[PDB]
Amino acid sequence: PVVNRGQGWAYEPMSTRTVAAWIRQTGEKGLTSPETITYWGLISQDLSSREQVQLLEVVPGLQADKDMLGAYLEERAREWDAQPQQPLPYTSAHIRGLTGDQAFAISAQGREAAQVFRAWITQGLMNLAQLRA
């Protein structure tokens, strides 16, 4: 996560425990349940965009949901990059954790872009849950 413990914004590695817990959550309650969506929102609040990609990636199985979420995030990415504003604050690649380094992640822009991605994923999971209900 990217945290500020009084010394300034710093990156700290996600623990194995954290990633394993997330893996288990998705294993027991799937990706699009009210439970997993709530779990997502909490665990992701201080994560970099890269850390968010990483969690979606380690989710075992649930291919259909992961493909549908991926297609949703791609469309959100296209819409972002198609906005009429030069210069955009960052690209969808930055938002989605596909580019930008650790300095970027701790930067104000990086932290904002990570909050955008976090909301994109939350909304996509909700959108997916609504197809099934």
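Residue indices: 1-based, along the sequence shown.
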property: Mean C-alpha temperature factor, higher of 6 to 14 and 107 to 115; result: 6 to 14
property: Greater mean Cα temperature factor according to the PDB record, 32 to 40 or 74 to 82; result: 74 to 82
property: Top residue by Cα temperature factor, when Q63, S92, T99, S49 are compared in the entry; result: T99
property: Chain-relative CA temperature factor third for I121; result: lowest
property: Among modelled residues of the same chain, the CA temperature factor third for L55; result: lowest
